[PDB]
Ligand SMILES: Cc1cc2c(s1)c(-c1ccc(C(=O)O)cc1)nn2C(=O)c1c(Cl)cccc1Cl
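Have a look below at one chain only, the form solved without the ligand, in structure tokens format.
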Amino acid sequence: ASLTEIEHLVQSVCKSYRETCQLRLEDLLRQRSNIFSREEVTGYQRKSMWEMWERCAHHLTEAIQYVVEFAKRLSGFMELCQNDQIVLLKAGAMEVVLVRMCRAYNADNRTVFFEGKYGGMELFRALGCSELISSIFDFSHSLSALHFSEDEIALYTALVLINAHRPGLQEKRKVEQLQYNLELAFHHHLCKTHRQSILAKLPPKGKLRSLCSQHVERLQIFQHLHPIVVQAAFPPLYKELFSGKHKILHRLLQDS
């Protein structure tokens, strides 16, 4: 590894993100004045548990699909074997989405962008998972305080995805070398932009692991109560990543 190569990797990672960020930051920022009304919130609260879950499961799948395209565009990711690629995406995709979510979260009124408008925690009351929603809202609130940039999210998410500590990796050292280069790339950007201060302020080791395990646990409660709802109305990719291997992620990696 060399300096100008690490300098190229920073450009390679920010371009990958810029292309697959789903929604531009300004589009999210200009819609912050477009908040859900008291009557509009009540409507979501009056919706059935399974209809709210179906909508959330879809929006989360929409979000993950861009993370899968971001993965494919990452430097070195496609050089890894199909096993390692799936291993990393199965563990990473939901963590990356929760990191990216802080862009759609407005710290001032404590609201999040959802279905064209900004709404508080109460908009998801029908899901019957109060704790998880408040956990997701607080996490977004912590990353908001960090005053992140788009370039910073790009390099940080790339690191969240390329973790050599995931079980199931056959070519571990190949992931270890890519993780290292990406680590140096992120640290070099922070050093250049005089933003190394955020390193101590970043989320703890398994903070994101807690939100994902909470998300899988809260889904298993819903799947027990409504098994046919999940079988018939939930997105196939969502079921492969969170219900229980099916070969949907392989179809996404093989093409494009």
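Rigid core: the largest C-alpha set superposing within 1.5 Å between the two forms. Just count from 1 along the sequence shown to find any residue number.
Novice: Fitting on the core, do the C-alphas of 65 to 73 or of 200 to 208 deviate more in 7 other deposited structures of this protein?
Specialist: With the rigid core fitted, 200 to 208 is the stretch that strays more in 7 other deposited structures of this protein.
Novice: Going by the entry, which third of its chain does the Cα temperature factor of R55 land in?
Specialist: For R55, whose C-alpha B-factor we compare with every modelled residue in the chain, the answer is the lowest third.
Novice: Name the third of the chain's ranked CA B-factors that contains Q82, choosing lowest, middle or highest.
Specialist: Its C-alpha B-factor belongs to the highest third of this chain's values.
Novice: Which third of the chain holds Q170 when residues are ordered by C-alpha B factor: lowest, middle or highest?
Specialist: It falls in the top third of the chain.
Novice: Considering only modelled residues of the same chain, in which third does the CA B-factor of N109 rank: lowest, middle or highest?
Specialist: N109: CA B-factor falls in the highest third of its chain.
Novice: Taking only the Cα B-factors deposited for this chain, tell me whether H147 sits in the lowest, middle or highest third.
Specialist: CA B-factor rank for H147: highest third.
Heads up, the form deposited with the ligand bound isn't pictured, but that's what we're talking about next.
Novice: Open or blocked: the ligand, posed as in the bound PDB entry, superposed onto this form via site C-alphas, with 3 or more ligand atoms within 2.4 Å of backbone or C-beta counting as blocked?
Specialist: Blocked, per the superposed partner pose.
Novice: Would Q220 count as a contact of the ligand in the bound PDB entry, using a 4.5 angstroms cut-off between non-hydrogen atoms?
Specialist: Heavy-atom contact with the ligand at 4.5 Å: present for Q220.
Novice: Looking in the bound PDB entry, any heavy atom of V41 within 4.5 Å of the ligand?
Specialist: Judged by the heavy-atom cut-off of 4.5 Å, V41 is well away from the ligand in the bound PDB entry.
Novice: Wondering, does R73 line up within 4.5 Å of the ligand in the bound PDB entry on heavy atoms?
Specialist: Close contact is absent here: in the bound PDB entry, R73 is far from the ligand, nothing within 4.5 Å, heavy atoms only.
Novice: Can you work out whether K90 and the ligand are in contact in the bound PDB entry, taking contact to mean some heavy atom pair no more than 4.5 Å apart?
Specialist: Contact check for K90: yes, within 4.5 Å of the ligand in the bound PDB entry.
Novice: Using heavy atoms and a 4.5 Å cut-off, decide whether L178, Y180 and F186 all contact the ligand in the bound PDB entry.
Specialist: Answer is no for this spot.
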